[PDB]
Ligand SMILES: O=C(O)CCCCCCOc1ccc(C2=C(c3ccc(O)cc3)[C@@H]3C[C@@H](S(=O)(=O)Oc4ccc(Br)cc4)[C@H]2O3)cc1
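Residue numbers (our numbering), protein chains in the order written: chain A, 11 to 21; chain B, 11 to 20; chain C, 129 to 363; chain D, 751 to 978.
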């Protein structure tokens, strides 16, 4: 889980 | 100087 | 997908409203610059810009229709290109200077504080003067920046269906650019010529990103963890 | 004034077609050294014909020698790559380096770090194939690479010629029966691929000036030295 992945996943 | 020079003039 | 149901004007409105703000640096004018501190300033700035860029990308029509894996790939490939085109845009009306932030406006002599960065500085400056001569408009800029996001990683991805949607969106952005130019009074020949002129500049933006990226993963040899992950994706 | 700007679109196409360089052969199970030997020798012979081709691109001869040198130094690997991608169009999954040197990605694995470039090249070839790129469009795109890739590292004459080539590409699409919308859509699609070709050249160049193995000629060495 990359940081960019989480940030794109945040909601 | 540059071989490219001769090839662009010949 | 709702992105393919947008009119041309609705596309421009979506992109304009999604624009990220212009951030300030920590530049203290009294502190004498060094290589470490100037790179510190650019690095801190870019790191904060990345957070806004990620939330801007979510608002580019079509982007969130892609899988998360694809969204990650496009941003990893395009992030420095996108930072660079924004820098070049806000620097248009400052000839011979790059407007990194409203309080950080640098010429090429100060770019020599970081050995090897002046070559990139000159290329950025040249791109900025190119935009100025063309009189690039804010509506055209946001289209180009969205093209970079969708285009720059689409060739390094069972699933062609993902690449097909991105191409249909990219086609919609082309229609929108032509639409902008036709409203500006340009003829048909002028419309196709300007469209080509603008997309060819994307080749120089790719070049600058690659040259810059090459130096950034040599500068590795204070950065935050997101930027480090962004940088490592190119190796 | 330059004679290139008076050419009609049919005159521009025929001149570019007539300027096309010849397809070259390579020497008649690859190691890493033998693989790079074949490719380096082939690229070296192609460079000589590329310079002749460049002299025949309308408007190129009107530039000074300094400007001609800069464009070719900036663009030479891009120009080799679009040539390779074009030839490989009808060979899905393979790169046609020469008629006697057709390779797949598995053979690309013989040189450590090339398979990444190979896959990008293959992807571009298949993109061109799915688009049904025509040879007339190809010679326009290759001339655009020559004139565009270094224009911003120096200009007015070059941008007028580039405009002429845009007019020519649109003329080719109109002649092919495409609507107005399909014309500008296709124009953009082709020009965006040029950004990927720039990327491939950059990544390839990065590798070529890391391995200093095979007997690269002095011309090829000076052409590589321009990117360091
Ligand atoms: O792991 C560790 O220990 C840390 C390593 C990771 C640090 C990441 C830094 O992260 C970055 C550092 C610098 C930048 C930059 C810019 C920028 C910033 C914001 C913006 O809006 C637009 C452009 C502009 C354009 C780039 S550039 O191509 O010049 O880089 C260059 C090029 C040459 C040299 Br030599 C140096 C930098 C640089 O200047 C970008 C990211």
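Ideal Cβ placement from N, Cα and C applies to all residues, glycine included.
Within 7 angstroms of the C-beta of residue 903 (chain D) there is not a single heavy atom belonging to ligand 1. Three or more pairs of CB atoms, one per stretch, sit closer than 8 angstroms, so the stretch 801–817 of chain D contacts the stretch 880–897 of chain D. Between residue 843 (chain D) and residue 854 (chain D), the C-beta spacing is below 8 angstroms.
With fewer than three CB-CB distances shorter than 8 angstroms, the stretch 767–778 of chain D does not count as touching the stretch 331–348 of chain C. Its chain contains 151, 153, 228, 229 as the residues whose beta carbon lies nearer than 7 angstroms to that of residue 173 (chain C), once the 5 sequence neighbours on both sides are disregarded; these appear in chain order. With a 10 Å radius around the Cβ and a threshold of 16 neighbouring Cβ atoms, residue 800 (chain D) comes out buried.
When the alpha-carbon of residue 201 (chain C) is set against those of C:291, C:340, C:320, C:344, the nearest one is in C:291. Membership of residue 229 (chain C) in the beta strand (DSSP E) is indicated by the continuous run 226–229. Contact between the stretch 205–224 of chain C and the stretch 260–275 of chain C is present, with at least three C-beta pairs closer than 8 angstroms.
Residue burial annotation: residue 305 (chain C) is buried, with at least 16 other C-beta atoms found within 10 angstroms of its C-beta.
For residue 233 (chain C), DSSP records a beta bridge to C:227. Residue 858 (chain D) and residue 342 (chain C) have their alpha carbons spaced roughly 23 angstroms apart. Straight across, the Cα-Cα distance linking residue 218 (chain C) with residue 19 (chain B) is about 43 angstroms. DSSP places residue 151 (chain C) outside both helix and strand once states are collapsed to three, so it counts as coil.
Taken through DSSP and simplified to helix, strand or coil, residue 191 (chain C) comes out as helix. As the crow flies, the alpha-carbon of residue 798 (chain D) is around 12 angstroms from that of residue 830 (chain D). In chain order, 208, 212, 248 place their CB closer than 8 angstroms to the CB of residue 340 (chain C), counting only its own chain and leaving out the 5 sequence neighbours on each side.
Chain-order list of chain A residues neighbouring residue 204 (chain C): 14, by C-beta distance under 8 angstroms.
Taking 8 angstroms as the upper bound for CB-CB distance, residue 301 (chain C) and residue 274 (chain C) are in contact here, some 6 angstroms apart. In the structure shown, the three-state DSSP call for residue 214 (chain C) is helix. The three-state reading of DSSP puts residue 159 (chain C) in coil, since its state is none of H, G, I, E or B. Of the candidates C:319, C:324, C:320, C:318, C:324 places its Cα closest to the Cα of residue 942 (chain D). Per DSSP, residue 349 (chain C) lies in no alpha helix (DSSP H) and is assigned neither H nor E. Taken in chain order, the complete alpha helix (DSSP H) segments of 4 or more residues contained in the stretch 241–295 of chain C are 246–262, 266–279.
Taking residue 186 (chain C) as the centre and dropping the five residues before and after it, the same chain places the C-beta of 192 closer than 6 angstroms to its C-beta, in chain order. With a contact defined as Cβ atoms closer than 8 angstroms, residue 141 (chain C) and residue 241 (chain C) miss out at about 41 angstroms. In this structure, the CA atom of residue 757 (chain D) is about 35 angstroms from the CA atom of residue 266 (chain C). Between the alpha carbons of residue 975 (chain D) and residue 15 (chain B) lies a distance of about 15 angstroms. Exclusion of the five residues before and after residue 967 (chain D) leaves 794 as the residues of its chain whose Cβ lies within less than 6 angstroms of its Cβ. Contact between residue 910 (chain D) and residue 755 (chain D) is confirmed by a C-beta separation of about 6 angstroms, below the 8 angstroms threshold.
For residue 918 (chain D), the CB stays at least 7 angstroms from every heavy atom of ligand 1. The beta carbon of residue 248 (chain C) sits closer than 7 angstroms to at least one heavy atom of ligand 1. Around residue 803 (chain D), the same chain offers 769, 771 as residues with beta carbons nearer than 6 angstroms, after the five sequence neighbours per side are excluded. Ligand 1 never approaches residue 158 (chain C) closely enough for any of its heavy atoms to be under 7 angstroms from the residue's Cβ.
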